[PDB]
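Colleague: Before anything else, here's the structure in question.
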Amino acid sequence: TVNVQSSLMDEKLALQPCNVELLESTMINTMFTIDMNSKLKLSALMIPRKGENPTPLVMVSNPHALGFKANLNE
Amino acid sequence: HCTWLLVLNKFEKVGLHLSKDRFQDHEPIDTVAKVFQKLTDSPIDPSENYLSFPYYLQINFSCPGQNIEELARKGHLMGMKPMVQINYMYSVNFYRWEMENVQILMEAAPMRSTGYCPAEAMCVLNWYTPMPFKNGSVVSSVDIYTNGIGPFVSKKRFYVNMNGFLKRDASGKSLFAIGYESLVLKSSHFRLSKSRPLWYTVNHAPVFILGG
Amino acid sequence: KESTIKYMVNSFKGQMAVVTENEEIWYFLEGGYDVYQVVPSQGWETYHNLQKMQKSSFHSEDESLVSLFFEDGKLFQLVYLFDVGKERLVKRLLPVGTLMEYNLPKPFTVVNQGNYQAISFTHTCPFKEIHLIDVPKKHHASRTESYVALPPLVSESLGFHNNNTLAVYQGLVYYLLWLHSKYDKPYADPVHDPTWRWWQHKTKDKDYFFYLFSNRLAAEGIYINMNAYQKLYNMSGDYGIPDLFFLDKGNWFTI
Amino acid sequence: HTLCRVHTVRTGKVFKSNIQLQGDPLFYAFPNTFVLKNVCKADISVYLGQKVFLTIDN
Amino acid sequence: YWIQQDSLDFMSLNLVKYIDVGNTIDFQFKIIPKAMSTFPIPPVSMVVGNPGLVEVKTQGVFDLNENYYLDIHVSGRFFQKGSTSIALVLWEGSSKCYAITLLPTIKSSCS
Amino acid sequence: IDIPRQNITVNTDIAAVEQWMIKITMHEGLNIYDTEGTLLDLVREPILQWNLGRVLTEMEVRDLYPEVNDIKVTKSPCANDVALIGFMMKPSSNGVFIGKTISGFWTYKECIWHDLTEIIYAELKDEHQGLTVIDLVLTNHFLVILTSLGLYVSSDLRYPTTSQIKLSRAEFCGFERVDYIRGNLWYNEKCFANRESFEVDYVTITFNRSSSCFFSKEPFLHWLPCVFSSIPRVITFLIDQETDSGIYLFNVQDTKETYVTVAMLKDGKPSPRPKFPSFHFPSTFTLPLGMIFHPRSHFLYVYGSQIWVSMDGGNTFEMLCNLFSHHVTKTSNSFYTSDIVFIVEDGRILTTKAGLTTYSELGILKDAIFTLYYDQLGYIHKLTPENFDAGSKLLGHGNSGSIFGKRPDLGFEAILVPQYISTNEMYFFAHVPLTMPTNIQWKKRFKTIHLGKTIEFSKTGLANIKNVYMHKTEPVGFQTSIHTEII
Ligand SMILES: *[C@@H]1O[C@H](CO)[C@@H](O[C@@H]2O[C@H](CO)[C@@H](O[C@@H]3O[C@H](CO[C@@H]4O[C@H](CO)[C@@H](O)[C@H](O[C@@H]5O[C@H](CO)[C@@H](O)[C@H](O)[C@@H]5O)[C@@H]4O)[C@@H](O)[C@H](O[C@@H]4O[C@H](CO)[C@@H](O)[C@H](O)[C@@H]4O[C@@H]4O[C@H](CO)[C@@H](O)[C@H](O)[C@@H]4O)[C@@H]3O)[C@H](O)[C@H]2NC(C)=O)[C@H](O)[C@H]1NC(C)=O
Ligand SMILES: *[C@@H]1O[C@H](CO)[C@@H](O[C@@H]2O[C@H](CO)[C@@H](O[C@@H]3O[C@H](CO)[C@@H](O)[C@H](O)[C@@H]3O)[C@H](O)[C@H]2NC(C)=O)[C@H](O)[C@H]1NC(C)=O
Ligand SMILES: *[C@@H]1O[C@H](CO)[C@@H](O[C@@H]2O[C@H](CO)[C@@H](O[C@@H]3O[C@H](CO)[C@@H](O)[C@H](O)[C@@H]3O)[C@H](O)[C@H]2NC(C)=O)[C@H](O)[C@H]1NC(C)=O
Ligand SMILES: *[C@@H]1O[C@H](CO)[C@@H](O[C@@H]2O[C@H](CO)[C@@H](O)[C@H](O)[C@H]2NC(C)=O)[C@H](O)[C@H]1NC(C)=O
Ligand SMILES: *[C@@H]1O[C@H](CO)[C@@H](O)[C@H](O)[C@H]1NC(C)=O
């Protein structure tokens with residue numbers, strides 16, 4: 001049983017730490033339905049590393065059928 | 001850096017003299033009815049009675065390396081106005097008075113001193129505030145701080161306490177009833193004297209006295 | 001046991017100062033079982049030298065302690081400076097926190113940095129920082145009644161105040177406190193907040209009055225604002241743990 | 001030693017049970033081995049290779 | 001230092017606001033200090049150009065993390081026109097930050 | 001994308017209009033990748049409609065290189081990137097040459113050079129060997145050119161009729177080619193985009209040498225003396241529109257007195273009887289040279305051998321820099337990012353930002369003749385004949401440290417001794433060797449420049465300076481010290 005998280009610390013490899021501290025939401029638990037002339041709101045909470053500046057993005061599998069507007073606020 | 005300077009003035013000498021006066025009068029005076037009568041286009045009903053507290057708070061501030069008057073002119077020209085917070089301390093006799101404790105938040109009003117003024121506009125400039133007091137207290141603490149504009153001057157706490165040990169004479173000058181104001185401090189008094197306690201009731205003593 | 005205490009000064013808020021015959025001040029914090037010598041000490045020498053560098057007017061080479069006392073939790077000592085020509089008695093401040101922060105011999109160790117070694121002082125405080133959150137409203141906790149009386153506006157171009165304007169300010173503040181006193185009558189009155197009975201009908205004319213002031217048509221150029229003189233019940237201002245707390249029959253608080 | 005540490009799972013052999021294999025075993029046509037996991041139930045999987053193993057357990 | 005202004009149309013460094021008679025302009029800024037901070041005193045010092053035609057009320061609050069929130073409320077005195085500039089300066093901040101001073105202009109006039 | 005212009009501006013009138021900022025983002029709410037730029041309106045800019053003069057072809061501009069003596073720039077207040085460059089030349093060159101740009105000198109090639117000699121000659125009545133332009137200033141609706149032979153004012157930029165710029169000559173008399181060449185023009189840069197009634201443009205002209213100051217209101221056709229009736233010399237007169245006052249910088253010859261006087265601007269004319277008592281600079285203020293307002297602000301700067309800044313309207317000044325036997329020649333600044341650049345004699349460049357008492361030094365430039373320019377986005381440019389240098393390194397915002405290779409060391413050749421005063425604070429005492437010449441003391445002393453600076457140590461070291469103390473006598477052998485926070 002290889003534990004990749006621990007193996008990604010060999011000094012020869014010399015990886016860089018993850019730049020985001022937290023990225024969480026309750027949206028992962030359930031699937032959602034959009035009926036005709038209906039909309040929904042999704043929420044996520046993200047905390048970056050002390051010094052790093054990660055850029056969050058939101059994507060959709062089917063852009064022809066689904067449109068999104070995303071707002072990131074502190 | 002900069003420090004506040006607060007002084008008590010009289011009603012009859014608000015701008016003429018900048019020297020300190022002692023908080024000798026504890027009765028409101030009625031020398032204001034005339035100006036309120038003269039005031040028409042204002043929400044003032046002639047029925048209600050209007051009279052004044054004696055004394056004013058004169059406020060200026062000093063920073064090292066610059067004289068006071070150009071500092072006051074500067075503070076005015078930059079938009080800064082003192083804010084004053086007067087807090088009263090209740091009397092010990094809760095049988096006679098009530099334990100209730102009040103505050104009053106005021107803002108100082110700039111006034112040019114009544115001097116010659118070679119300059120066309122501004123001169124010696126001081127911020128004045130009424131000094132209010134109420135029945136049942138003799139200790140009030142005055143916190144002065146800027147309104148956030150202009151130069152920064154640290155919040156300073158003064159005490160304007162009633163002086164009940166004075167008396168008037170024929171000439172009208174405030175002279176002490178307890179003793180004679182006829183001595184000057186000398187270095188010989190403090191050269192050989194050791195430190196001594198200062199005893200008083202902790203929050204309700206207006207006047208401090210030190211002997212020894 | 002070599003020293004003898006001349007007298008004791010208390011803060012009534014958790015701190016105490018001790019003056020001996022040798023004129024050395026010791027400090028005691030009621031939390032701990034420790035007395036610290038503050039005035040004859042390395043930190044005081046540092047602070048005194050800094051006051052020399054800053055050219056403070058309260059600090060001199062030769063001085064004599066007249067006495068010391070606590071004012072609202074701050075240690076103020078009145079001292080006679082023996083400056084040549086400008087000798088004077090003045091009340092100075094003793095910042096004991098600053099004196100403790102500058103006491104300098106302290107446990108330190110030589111750490112290692114990039115092929116170089118530097119002096120790292122060993123921290124002694126069990127915590128990095130302490131903070132109070134969810135504090136309780138100071139004015140409600142200490143049961144204080146607060147008023148506001150802002151100065152009347154003036155139409156003068158430079159913004160200065162005459163003696164008559166200050167007289168108007170004086171009378172308005174007096175009348176505010178007069179209503180404060182007359183609010184203690186036994187009968188309820190229809191509307192709380194005593195200043196209501198002062199404004200009453202006039203509250204319907206505000207625009208008119210304001211008009212006459214905006215165009216500088218109003219009497220002596222003074223403007224008396226209704227909202228300027230009133231008793232504030234709820235404000236969000238200075239915070240932290242209030243000093244006094246009042247409790248009545250099972251009511252509680254949290255910190 | 002480095003990376004993962006080996007351990008072998010072997011149960012039901014505590015006594016000399018002799019059950020012979022019935023039928024002809026299946027074999028994955030391709031030379032490489034593969035493990036196909038049931039997406040919904042993690043425990044169920046199929047090892048495809050020289051011999052085909054369908055495990056309800058992991 | 002970092003200056004945060006989350007209100008839209010207030011984000012731009014240069015901005016001009018118009019006040020009519022009796023109208024009022026309110027805005028809020030947040031200052032995050034990336035380092036120690038001069039905590040007893042506010043990190044922002046502000047000055048007004050011709051305070052004779054504008055009255056300014058400023059409220060400042062510190063928090064747990066030493067961030068500084070200030071709210072500025074700007075109103076006109078009486079019926080006259082003119083313009084004044086209120087400058088908010090991070091006196092402590094070094095000369096290397098992209099934005100140290102902010103210079104709103106308040107006009108008493110027809111927008 | 002294709003945006004109809006009616007979706008942005010929706011009117012087309014020749015008037016002073018502000019240049020827009022552009023931000024390209026991947027997602028406006030979820031701001032992830034963004035780029036900054038500008039947008040300029042070409043049908044409304046006043047100066048762009050007119051034709052400046054005979055355009056100089058290639059191989060003709062470069063013939064001016066051996067003749068150029070100084071460079072001057074106009075900023076075009078409301079919309080930057082519309083600057084004009086003027087060559088000041090030695091009496092050998094018989095012409096007036098001015099170049100114009102549209103992209104803020106980002107590319108040297110895209111600069112159009114014109115010769116306005118014939119337009120001046122049309123209204124010229126005093127011909128001489130030299131007519132090279134001494135100074136030029138661009139107001140919101142007008143252009144004022146102090147040519148060697150006189151002062152000229154553009155007719156009006158809003159209403160174009162002639163299709164070529166028309167310059168009318170403003171008259172003062174007894175001014176020889178000599179008085180005009182020592183003149184210079186002071187103009188408070190403010191943007192009047194919508195031109196409210198109270199907003200007026202004032203321009204003052206001062207010539208060292210019957211007064212030497214003169215000043216004038218909007219159309220600059222009638223110039224009146226800015227001072228009325230052992231004589232103070234008005235170095236600079238400025239109009240404070242916000243407080244409606246006149247500000248004089250006075251220097252008295254034969255003594256060392258220097259003072260700024262503020263007077264109420266009664267009926268459009270500066271009154272006597274100063275508004276409030278005048279501020280007197282120390283006697284150490286050797287030679288003042290100028291006094292300016294930072295654009296679209298109320299900060300007042302006085303420069304020369306020393307640099308002073310005044311909060312409020314010249315009531316009190318705080319000296320932020322002293323220069324010994326050196327003087328500030330030219331000043332440059334931008335309303336955007338509020339950068340201030342002082343170009344001192346010897347080529348050193350001091351930098352600051354408006355309202356800050358502390359300043360820094362960017363570096364030393366050895367170019368013989370040059371000037372510094374700030375465009376709309378705050379990018380700094382070095383302008384020399386045949387070279388417009390934007391910066392060796394580019395950054396996402398307009399930093400002004402792009403031109404110079406690296407930030408300089410503010411240190412000096414002295415001996416420091418460190419002393420702990422707490423766990424976190426520290427002293428550095430700078431030793432001035434006993435027997436050191438008094439004339440050499442300053443070489444080993446901390447200055448005002450070191451406030452708010454960081455101290456670095458080669459082995460391992462980093463700390464921040466929070467206060468600078470001067471104590472000549474208290475320790476023997478040390479004259480200055482810094483109180484420092486350790487990092
Ligand atoms: C920063 O950048 C922005 C970018 O847009 C810039 O905004 C622009 O500022 C201009 C100021 O110079 C504004 O001009 C004004 O335009 C008015 C028209 O308003 C109408 O608004 C409707 C809804 O908003 C809109 O549908 C309508 O659209 C079109 O209008 C056309 C007429 O121009 C018409 O042909 C079309 O069919 C359609 O209807 C308009 O947008 C003008 O009315 C207004 O006053 C007129 O000015 C013009 C020329 O100046 C003149 O011919 C006319 O007589 C009016 O002049 C007089 O005005 C004074 C008071 O101003 C009165 O006393 C007189 O009686 C007249 O009314 C003005 O010009 C422009 O609207 C605005 N654009 C946008 C999109 O908001 C900022 O100005 C820039 N800021 C800085 C500091 O630079
Ligand atoms: C700022 O406020 C301070 C105190 O509030 C003022 O200081 C006071 O100045 C007066 C000057 O009139 C001093 O009065 C004394 O008068 C007698 C009688 O002539 C004279 O003999 C004394 O030598 C002195 O002049 C007073 O002592 C002084 N008080 C203090 C505490 O310094 C100051 O004048 C105000 N400054 C401005 C510019 O308004
Ligand atoms: C503390 O309370 C006392 C009494 O409650 C206040 O004194 C009283 O003030 C009123 C108003 O000035 C006086 O009314 C006056 O009465 C006399 C005679 O009737 C008359 O000359 C006036 O026309 C007016 O009607 C009242 O006499 C006076 N009481 C006494 C005993 O002097 C006092 O002002 C309060 N102190 C403060 C600081 O508020
Ligand atoms: C404000 O000061 C003025 C003086 O400038 C005071 O007016 C004087 O009042 C006395 C009353 O005894 C008259 O004798 C003087 O002639 C008045 N002066 C002038 C110039 O007329 C006025 O009383 C003061 N204000 C208040 C509220 O007392
Ligand atoms: C241009 O403006 C019109 C409204 O006048 C709008 O319908 C159209 O979508 C706009 N064009 C773009 C590219 O947004």
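Letters A, B, ... go to the chains of the structure tokens in the order shown; residues in each chain start at 1; ligands are counted from 1 in the same order.
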Would you give me, as a PyMOL selection string, the residues of chain F that come within 9 Å of chain C, using only C-alpha atoms?
Modeller: chain F and resi 420-423+425+459-460+469-471+474
Colleague: Do you know which residues are within 10 Å of ligand 4 using only C-alpha atoms and all ligand atoms? Can you write them as a count of residues only?
Modeller: 21
Colleague: As an mmCIF file with C-alpha atoms, in the first residue's frame, please: the residues near region 29-34 of chain E (cut-off 10 Å, only C-alpha atoms, same-chain neighbours under 6 positions excluded).
Modeller:
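Saved file around28.cif follows:
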```
data_model
loop_
_atom_site.group_PDB
_atom_site.id
_atom_site.type_symbol
_atom_site.label_atom_id
_atom_site.label_comp_id
_atom_site.auth_asym_id
_atom_site.auth_seq_id
_atom_site.Cartn_x
_atom_site.Cartn_y
_atom_site.Cartn_z
ATOM 1 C CA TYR E 1 -0.068 47.856 3.833
ATOM 2 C CA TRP E 2 -3.153 46.750 1.990
ATOM 3 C CA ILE E 3 -6.148 48.971 1.257
ATOM 4 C CA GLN E 4 -9.496 47.226 0.772
ATOM 5 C CA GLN E 5 -12.534 49.017 -0.654
ATOM 6 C CA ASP E 6 -15.158 46.433 -1.583
ATOM 7 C CA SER E 7 -17.747 48.992 -2.723
ATOM 8 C CA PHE E 10 -15.211 53.485 -5.097
ATOM 9 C CA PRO E 42 -4.800 54.918 13.615
ATOM 10 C CA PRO E 43 -2.686 54.027 10.532
ATOM 11 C CA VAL E 44 -4.453 56.587 8.303
ATOM 12 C CA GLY E 60 -12.314 54.403 13.191
ATOM 13 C CA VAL E 61 -12.274 50.916 14.703
ATOM 14 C CA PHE E 62 -9.502 48.412 15.342
ATOM 15 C CA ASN E 65 -6.073 41.187 13.934
ATOM 16 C CA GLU E 66 -5.136 44.930 14.042
ATOM 17 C CA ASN E 67 -7.005 45.690 10.796
ATOM 18 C CA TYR E 68 -8.321 49.251 10.765
ATOM 19 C CA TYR E 69 -11.821 50.160 9.555
ATOM 20 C CA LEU E 70 -12.690 53.802 8.930
ATOM 21 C CA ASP E 71 -16.001 55.287 7.826
ATOM 22 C CA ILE E 72 -16.097 58.790 6.340
ATOM 23 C CA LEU E 90 -0.801 56.033 5.195
ATOM 24 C CA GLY E 93 3.547 52.996 5.017
#
```
Colleague: Which residues are near ligand 1 - at most 6 Å, using only C-alpha atoms and all ligand atoms? Format: as an MDAnalysis selection string.
Modeller: chainID F and resid 8:11 17:18 193:194
Colleague: Could the residues in this selection be written to a file with N, CA, C and O atoms, as a PDB file, in the first residue's frame?
Modeller:
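Output (again17.pdb):
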```pdb
ATOM      1  N   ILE F   8     -20.468  54.158 -24.964  1.00  0.00           N
ATOM      2  CA  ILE F   8     -19.514  54.716 -24.008  1.00  0.00           C
ATOM      3  C   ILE F   8     -19.757  56.207 -23.791  1.00  0.00           C
ATOM      4  O   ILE F   8     -20.108  56.634 -22.685  1.00  0.00           O
ATOM      5  N   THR F   9     -19.585  57.023 -24.833  1.00  0.00           N
ATOM      6  CA  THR F   9     -19.510  58.472 -24.674  1.00  0.00           C
ATOM      7  C   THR F   9     -20.806  59.183 -25.042  1.00  0.00           C
ATOM      8  O   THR F   9     -21.154  60.178 -24.402  1.00  0.00           O
ATOM      9  N   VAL F  10     -21.466  58.759 -26.122  1.00  0.00           N
ATOM     10  CA  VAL F  10     -22.822  59.110 -26.565  1.00  0.00           C
ATOM     11  C   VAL F  10     -22.927  60.596 -26.915  1.00  0.00           C
ATOM     12  O   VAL F  10     -23.984  61.065 -27.348  1.00  0.00           O
ATOM     13  N   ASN F  11     -21.842  61.352 -26.760  1.00  0.00           N
ATOM     14  CA  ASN F  11     -21.804  62.708 -27.296  1.00  0.00           C
ATOM     15  C   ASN F  11     -20.423  62.994 -27.858  1.00  0.00           C
ATOM     16  O   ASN F  11     -19.432  62.405 -27.422  1.00  0.00           O
ATOM     17  N   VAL F  17     -11.955  66.068 -21.632  1.00  0.00           N
ATOM     18  CA  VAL F  17     -12.548  64.794 -21.246  1.00  0.00           C
ATOM     19  C   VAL F  17     -11.465  63.938 -20.603  1.00  0.00           C
ATOM     20  O   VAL F  17     -10.300  63.997 -21.008  1.00  0.00           O
ATOM     21  N   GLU F  18     -11.846  63.168 -19.587  1.00  0.00           N
ATOM     22  CA  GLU F  18     -10.892  62.338 -18.863  1.00  0.00           C
ATOM     23  C   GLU F  18     -10.642  61.028 -19.600  1.00  0.00           C
ATOM     24  O   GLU F  18     -11.565  60.436 -20.166  1.00  0.00           O
ATOM     25  N   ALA F 193     -13.067  68.586 -16.131  1.00  0.00           N
ATOM     26  CA  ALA F 193     -13.662  67.780 -17.188  1.00  0.00           C
ATOM     27  C   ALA F 193     -15.038  68.302 -17.566  1.00  0.00           C
ATOM     28  O   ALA F 193     -15.358  68.430 -18.753  1.00  0.00           O
ATOM     29  N   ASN F 194     -15.866  68.614 -16.573  1.00  0.00           N
ATOM     30  CA  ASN F 194     -17.205  69.106 -16.854  1.00  0.00           C
ATOM     31  C   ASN F 194     -17.340  70.610 -16.659  1.00  0.00           C
ATOM     32  O   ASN F 194     -18.419  71.151 -16.914  1.00  0.00           O
TER      33      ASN F 194
END
```
Colleague: Using only C-alpha atoms, find which residues of chain A lie within 8 Å of chain F and jot them down as a PyMOL selection string.
Modeller: chain A and resi 55-57+69-72
Colleague: For the structure I just gave you, how does DSSP split chain D - specifically, which residues are strand (DSSP E)? Reply as a PyMOL selection string.
Modeller: chain D and resi 34-37+45-48+53-55
Colleague: Do a neighbour search on region 68-76 of chain C at 10 Å with only C-alpha atoms, toss out local chain neighbours closer than 3 positions, and write the hits as a list in words.
Modeller: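 My list of contacting residues is residues 157, 195, 196, 197, 198, 199, 202 and 203 of chain B; 8, 9, 10, 11, 12, 13, 14, 15, 16, 17, 18, 19, 25, 65, 79, 91, 92, 93, 94, 95 and 96 of chain C.
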Colleague: Report as a tab-separated table: every residue of chain C with an atom at most 10 Å from ligand 3, its closest pair of atoms, and their distance in Å to one decimal, counting only C-alpha atoms and all ligand atoms, with rows sorted by chain and ascending residue number.
Modeller:
```
residue	atom	partner	partner_atom_place_in_ligand_line	distance
C:174	CA	ligand 3	39 (O)	7.9
C:175	CA	ligand 3	39 (O)	9.8
C:177	CA	ligand 3	39 (O)	7.6
C:178	CA	ligand 3	39 (O)	7.0
C:181	CA	ligand 3	39 (O)	8.3
```
Colleague: Please build the interface table for chain B against ligand 2 with a cut-off of 10 Å, listing for each qualifying residue the nearest atom pair and the distance in Å to one decimal; count only C-alpha atoms and all ligand atoms, order rows by chain and increasing number, and write it as a tab-separated table.
Modeller:
```
residue	atom	partner	partner_atom_place_in_ligand_line	distance
B:4	CA	ligand 2	5 (O)	8.7
B:5	CA	ligand 2	5 (O)	5.1
B:6	CA	ligand 2	5 (O)	5.3
B:7	CA	ligand 2	5 (O)	4.9
B:8	CA	ligand 2	5 (O)	8.3
B:9	CA	ligand 2	5 (O)	9.6
B:16	CA	ligand 2	12 (O)	9.7
B:17	CA	ligand 2	12 (O)	6.7
B:18	CA	ligand 2	12 (O)	5.3
B:19	CA	ligand 2	14 (O)	4.9
B:20	CA	ligand 2	29 (N)	7.3
B:57	CA	ligand 2	5 (O)	9.2
B:58	CA	ligand 2	5 (O)	6.4
B:59	CA	ligand 2	5 (O)	6.3
B:60	CA	ligand 2	1 (C)	5.2
B:61	CA	ligand 2	1 (C)	6.8
B:62	CA	ligand 2	1 (C)	7.7
B:67	CA	ligand 2	38 (C)	7.3
B:68	CA	ligand 2	38 (C)	4.6
B:69	CA	ligand 2	38 (C)	3.5
B:70	CA	ligand 2	38 (C)	7.3
B:71	CA	ligand 2	38 (C)	8.1
B:72	CA	ligand 2	38 (C)	7.1
B:73	CA	ligand 2	38 (C)	8.9
B:112	CA	ligand 2	39 (O)	9.2
B:113	CA	ligand 2	39 (O)	8.0
B:123	CA	ligand 2	38 (C)	8.5
B:124	CA	ligand 2	38 (C)	5.1
B:125	CA	ligand 2	39 (O)	5.9
B:126	CA	ligand 2	39 (O)	5.9
B:127	CA	ligand 2	39 (O)	9.3
```
